Amino acid sequence: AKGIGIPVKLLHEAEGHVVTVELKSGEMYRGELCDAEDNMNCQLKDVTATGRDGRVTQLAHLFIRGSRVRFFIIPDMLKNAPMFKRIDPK
Amino acid sequence: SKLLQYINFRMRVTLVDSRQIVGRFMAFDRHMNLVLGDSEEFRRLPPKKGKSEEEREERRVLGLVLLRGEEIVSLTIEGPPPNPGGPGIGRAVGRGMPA
Amino acid sequence: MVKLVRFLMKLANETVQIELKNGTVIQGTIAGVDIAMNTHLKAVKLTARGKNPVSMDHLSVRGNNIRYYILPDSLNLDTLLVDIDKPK
Amino acid sequence: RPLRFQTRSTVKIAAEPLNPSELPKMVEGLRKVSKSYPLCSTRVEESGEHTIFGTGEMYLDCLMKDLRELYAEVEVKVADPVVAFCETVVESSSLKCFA
Amino acid sequence: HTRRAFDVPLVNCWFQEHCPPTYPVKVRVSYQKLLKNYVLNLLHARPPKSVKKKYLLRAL
Amino acid sequence: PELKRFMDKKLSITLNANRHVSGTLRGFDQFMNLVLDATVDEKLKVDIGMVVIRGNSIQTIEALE
Amino acid sequence: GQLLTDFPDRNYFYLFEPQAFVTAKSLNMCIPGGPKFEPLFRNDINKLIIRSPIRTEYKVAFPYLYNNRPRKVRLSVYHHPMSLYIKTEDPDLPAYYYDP
Amino acid sequence: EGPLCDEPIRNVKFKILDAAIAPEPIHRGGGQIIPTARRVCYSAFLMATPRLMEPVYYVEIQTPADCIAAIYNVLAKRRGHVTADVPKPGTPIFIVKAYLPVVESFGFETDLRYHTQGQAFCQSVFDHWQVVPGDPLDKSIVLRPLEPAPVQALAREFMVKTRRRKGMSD
Amino acid sequence: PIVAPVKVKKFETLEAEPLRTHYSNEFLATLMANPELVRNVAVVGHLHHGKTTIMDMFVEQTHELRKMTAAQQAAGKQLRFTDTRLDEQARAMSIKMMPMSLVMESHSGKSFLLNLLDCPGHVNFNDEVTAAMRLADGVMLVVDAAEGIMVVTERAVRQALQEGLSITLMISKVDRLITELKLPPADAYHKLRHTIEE
RNA sequence: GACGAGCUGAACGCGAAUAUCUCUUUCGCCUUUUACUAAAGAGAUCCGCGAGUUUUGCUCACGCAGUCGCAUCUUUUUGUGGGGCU
RNA sequence: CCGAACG
Ligand SMILES: Nc1nc2c(ncn2[C@@H]2O[C@H](COP(=O)(O)OP(=O)(O)OP(=O)(O)O)[C@@H](O)[C@H]2O)c(=O)[nH]1
Ligand SMILES: [Mg+2]
Ligand SMILES: [Mg+2]
């Protein structure tokens, strides 16, 4: 909406896909994001937890606080978002 | 911002924990969020004497990544961006002569 | 509108130094500072904690991880100090 | 499972191509009509003529239009429309009928 | 756009607001002929083709 | 917020300095304060009753179901 | 207005628009208050049923259903939606008003 | 098919009371009784007072009050049963429930617009079946070509012309 | 003819290249390959109650067709996108249902691909309807604010519940409350409420 | 990151107004030809019309100007610091 | 429907 920057609407249109979440603590979280917040709080499902020691754990759902999160890994499929193409020089 | 001059331009990022992220620029948010295409994590391992600092920084390939400004500390450039006819005629004519 | 980022955004083309939150040192020219205190510098050299200096044609630094600025000794402070009370 | 409409092709029309010399494409038209109109129904009798089954005024109207122009291009005479009559009981027969 | 005064028909509405049964025979016949030419000029206006003009009085 | 999809469900809530409290949700705020029923400290093995956790006191939450 | 006398709807001319008259001429059949047009070009009783007469507004309102050999026609009686506007008369009532 | 019109038989019960069957399978294949089953259907229904059935369009007519009477007038000419005239909440148009048979729907939307000057517009959907009045097998009425029969002779001449078209004798 | 003219076979004349849209080709290619961003919806209503025009407004907001609109209001007709066959056109009627999936926006900015199937609403075309309705798992019933419920609306509603569909109400043509009927805002609330209640 | 009325030129294009003509046929007037009728088609013409810079003719008018190379309490720019183990 | 020239 008016006021909102592009990459969070990127995050929103990433909905319904399987992505990865790195938080500032260093562990990795792979799962299907259900929906996310303006404040980057997000809910994934089918959760793979990769702990700081390589620990692999199975979590049904995850709600991740955004200001806890470092970055997101998102399919380049979705890097075809209309913002990406529209801004593009060609 | 002047980092509008910087979309599509390949760049490197430092995190607070000093981990390195190299990717190309797609979109930027006011919160210093960034969109990195073709991103890879270079994490500095401790330098074990007898080897170059340049030859064993652990590279992981992250793919497409997006960066929250809160832990974004420093950004630099890495490289460049990767890769009426008019009313004229000409006709053959002899030159006329007066005699 | 605070006084001081009001002062800092007029540091355009200032050849100054910066200390980072974790102890990195940066000497370079301020091409811009914005309302978030994020600075883009030109003609830069950045020297990390215990690290060799490396020069940068240009550099970006987040306003929040900035520890502080080292301003020029040649600074007409009282030039840039007027107008800070002026709302535009 | 096939489409279980709400509606039935309750109206029926007769179709006789003005030129019998083009009854193949006529039926091919009818055939291709049976291509685009889910409720279209083509039925041949002991009378041999092709009766066509539609909801009512507009459906048979536009099916006759597209039959005329879309598929066959053979102009066909259609008799007065008439609908399908079912056959029911009033009260049960008084004798048991054998065959 | 402005029209040419003779382009503007002034009795066209009389073909829309449809006949009341109070029409003497002559007026009904005349109304019918007018409404016929009406629906016909409406319908079959053959747009000819755009071959380009002369402008007699501009040239003169 | 999606915490609404969690109403009255047993949860595992991780907090600052590596702490886990597991209790059936009771309610939340815009500041993401959370009130829990029958919460258990997974470190010391203690069911700590009904609790409120602070917003920035929420690293993550998992749904055991 | 007194010359216009009153407004037309696209409504009223359901078999009085041009399309009525195209269907008229293409079938050699003409509206009762409708004009004449000379031809463009030039049935078993026991097996065919009449419970109501095929009228001319009938063949004129569905030209291809009710007519053998219809041609050169544009479309037929398609109706504009009903118009629920009635002339508010006196300028004193509110702009917006319930019609009795 | 059925015997009266070779059109679908509806609302009919076929109760098996007796079959005296030949004992061995070759005496009782399909080729022996499939005609016989159809013949017992023909006969058993034929003597059960057989009657004819119409489809009845569910006709809904939105109309102003100006045109209500002519609605009723033309459908009355076309034997349509008006069910009701519900004044629409919030508009000056009345929806009108009617049941007008599909036979009697021929050119109906037109004439309904024509004697209302078009302020009314009606819709018709297939609704149900019901029985054609009269005696459909009847002979006690010898009927008119080119003229419509009355209520008392419809079911008769209707299946009659049915047969005559479908290729059957009267 | 003795020399048969090589005719444009004027059946239904479409355009000669994929048009300009506010999204790409590969963007829709992306949004298709994952079920959680695709909604199948058939749009049904009575005769004329606004279905074709609503589909057209969707097209108008998500595509690039402005000079088309200028040609429309210069020629004196309003656009009908899904009414493509120039004979379904010249009767102001949808004759055969036509599909279209548009990449539309949410309030979240997440673009969803919505498969809307513009249907005929005239009763005798219910056949088209069921096809689209067995195609799409959801339905949008466009009931026109003015005239309320009609035949084809509730008959498609029975079609909608029989095939177990997500039925969604679109009160179209609300301006007929303001401009034709001139019902005040309060009586407009009553009439809208009564239509959804019906 | 920004400004037209009137004429003749533009070169491209047919909201609602429509008359005439030619041709190929049929039909009707009917002694013949013009001059006509009304049908089918195929072709023209007239009287007009819209937008782009071409300026001719203002009789209007301009340049520190409207615009330049989101501003401290749990969710964002006021970060949780410090140490140390392989 | 409906009138002019010519022969
Ligand atoms: N007053 C008003 N008229 C509208 C509105 N939307 C459409 N219309 C008109 O309603 C007419 C019929 O709507 P359509 O676009 O044909 O929609 P429809 O109901 O699918 O009609 P069918 O194609 O016959 O099924 C249009 O030609 C418009 O003039 C609206 O919002 N208000
Ligand atoms: Mg002579
Ligand atoms: Mg002589």
Side-chain angles (χ1 to χ4, degrees), chain D residues 55-59 61-62, chain G residues 9-11 14 17 75-86 96, chain H residues 62 90-91 93 109 121-123 125, chain I residues 12 41-61 69 72-73 75-100 116-129 131-133 139-156 159 169-183 188 191-192 195:
Chain D
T55 329
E57 305 287 89
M58 179 72 163
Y59 179 46
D61 174 295
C62 302
Chain G
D9 253 339
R10 269 304 79 233
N11 288 207
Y14 296 99
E17 289 138 22
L75 256 33
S76 76
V77 287
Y78 62 90
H79 101 312
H80 310 261
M82 180 30 66
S83 36
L84 332 156
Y85 180 87
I86 36 80
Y96 299 107
Chain H
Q62 37 178 346
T91 59
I93 42 179
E109 330 303 79
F121 182 61
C122 82
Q123 282 268 285
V125 68
Chain I
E12 163 255 288
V41 245
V43 190
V44 293
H46 190 37
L47 185 50
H48 297 297
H49 270 211
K51 334 179 260 290
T52 301
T53 306
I54 299 176
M55 260 305 302
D56 200 287
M57 168 174 64
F58 291 137
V59 177
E60 187 158 39
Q61 68 110 336
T69 68
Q72 253 40 71
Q73 258 279 18
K77 47 217 73 150
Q78 73 114 359
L79 190 66
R80 296 180 177 278
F81 211 86
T82 71
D83 279 35
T84 168
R85 314 221 339 253
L86 301 147
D87 65 345
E88 80 164 327
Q89 170 73 38
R91 265 165 305 220
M93 202 153 275
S94 323
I95 295 328
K96 59 173 222 222
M97 44 79 46
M98 173 155 230
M100 177 179 221
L116 300 154
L117 330 168
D118 192 47
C119 218
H122 189 9
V123 45
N124 311 354
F125 281 152
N126 168 281
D127 57 333
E128 307 317 314
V129 193
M133 220 175 309
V139 80
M140 192 160 48
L141 177 93
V142 279
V143 63
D144 151 29
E147 27 198 340
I149 286 293
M150 298 284 170
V151 156
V152 177
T153 285
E154 54 168 293
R155 290 194 140 273
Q159 278 249 337
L169 199 63
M170 162 118 277
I171 302 165
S172 73
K173 293 189 182 182
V174 191
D175 54 13
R176 324 188 48 200
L177 289 207
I178 323 177
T179 59
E180 334 202 356
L181 289 153
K182 304 179 248 186
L183 310 176
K191 168 107 189 66
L192 294 172
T195 278

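In what follows, every chain begins at residue 1, and chains take the letters A, B, ... in the order their sequences are listed. Only heavy atoms go into these numbers, but all of them, side chains included; no hydrogens, no water, no symmetry mates. Remember, it's 1-based here, ligands and their atoms both numbered in the order they're listed.
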Parallel, tilted or perpendicular: which describes the rings of I/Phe125 and D/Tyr59, with under 30° parallel and over 60° perpendicular? perpendicular
Answer yes or no: are there more than 12 heavy-atom neighbours, outside I/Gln73 itself, under 6.0 Å from its atom CD? no
Please name all residues satisfying salt bridge (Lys or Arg N to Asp or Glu O under 4.0 Å) with I/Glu154, sequence neighbours left out, ordered by chain then number. I/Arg158
Among side-chain atoms of I/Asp144 and I/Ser172, is any donor-acceptor pair under 3.5 angstrom? no
Residues forming a side chain to side chain donor-acceptor pair (under 3.5 Å) with H/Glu109, sequence neighbours excluded: H/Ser124
Please name all residues satisfying salt bridge (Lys or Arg N to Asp or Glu O under 4.0 Å) with I/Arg85, sequence neighbours left out, ordered by chain then number. D/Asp66, I/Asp87
Non-hydrogen atoms closer than 4.0 Å to ligand 1: which protein residues do they belong to? List them by chain and number, please. I/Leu47, I/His48, I/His49, I/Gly50, I/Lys51, I/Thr52, I/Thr53, I/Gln78, I/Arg80, I/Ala92, I/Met93, I/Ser94, I/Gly121, I/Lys173, I/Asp175, I/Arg176, I/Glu180
